[PDB]
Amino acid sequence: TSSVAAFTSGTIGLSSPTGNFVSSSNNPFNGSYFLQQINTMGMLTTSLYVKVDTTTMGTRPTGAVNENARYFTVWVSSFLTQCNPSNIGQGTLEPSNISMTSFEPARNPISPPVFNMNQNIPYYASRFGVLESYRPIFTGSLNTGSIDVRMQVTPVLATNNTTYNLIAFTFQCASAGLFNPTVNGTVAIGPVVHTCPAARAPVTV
């Protein structure tokens, strides 16, 4: 068995808004993504692109509190059926017989707050970990400014009363606009690269 493994999911051209992301005001929406991870001997490197198109993201409730939200969270999961809040799709594994457990991040020993999926507050704010600064690309009148991303391996309490370790990425826009229904266009960000310890070196199924 290889001491190196890769997982890829999403659309190479950020074309299919199958991701379920949530704004800091608890409004879900849809975005495209491209996720490319490698496990090198127990260290997980995750490369993530995200794109949100106002014409394919869904309904933006009016109201100051809803339109003025600047943050949104994307969950990267290796438990694509048991615990997958953002709906990361099945992808491509290399070697093809490698277990998805090869992309589970190690338990985070700083012990951040649990994301409790049983209380149906769908927004979790990633807060404890590295903050990286990005400038995204726009089209239309949408202008988020620069976006910092907080990255935090987090225990997620599923409805089955068990905790699973996922990576929360919270995108922190400098300016309001993505969630204001009068503002239109697209914002695309990445590659957002995160490194953390994996639960294990790569294992075959």
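The first residue of the shown sequence is 1; numbering continues from there.
A.B. asks: Hey, which bit's got the bigger mean C-alpha B factor in the entry, 135-143 or 64-72?
C.D. replies: The stretch with the larger average C-alpha B-factor is 64-72.
A.B. asks: Using only the Cα atoms and their B-factors as the entry lists them, report which of 24-32 and 169-177 averages higher.
C.D. replies: Between 169-177 and 24-32, it is 24-32 that shows the higher mean C-alpha B-factor.
A.B. asks: In terms of recorded Cα temperature factor, pick the maximum from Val192, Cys196, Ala188, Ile12.
C.D. replies: Of the options given, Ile12 has the highest CA B-factor in the PDB entry.
A.B. asks: Highest Cα B-factor in the deposition, which of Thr46, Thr55, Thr40, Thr162?
C.D. replies: Highest C-alpha B-factor among the listed residues goes to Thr55.
A.B. asks: How does the C-alpha B factor of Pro105 compare with the rest of the chain: lowest, middle or highest third?
C.D. replies: Tercile = lowest for this residue's CA B-factor.
A.B. asks: Report the third (lowest, middle or highest) to which the CA temperature factor of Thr1 belongs, ranking only the modelled residues of the same chain.
C.D. replies: Lowest third.
A.B. asks: For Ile121, does the deposited CA B-factor place it in the lowest, middle or highest third of the chain?
C.D. replies: For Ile121, the deposited C-alpha B-factor lands in the highest third.
A.B. asks: Test of reading the entry: by CA B factor among the chain's modelled residues, which third contains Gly91?
C.D. replies: Its C-alpha B-factor belongs to the highest third of this chain's values.
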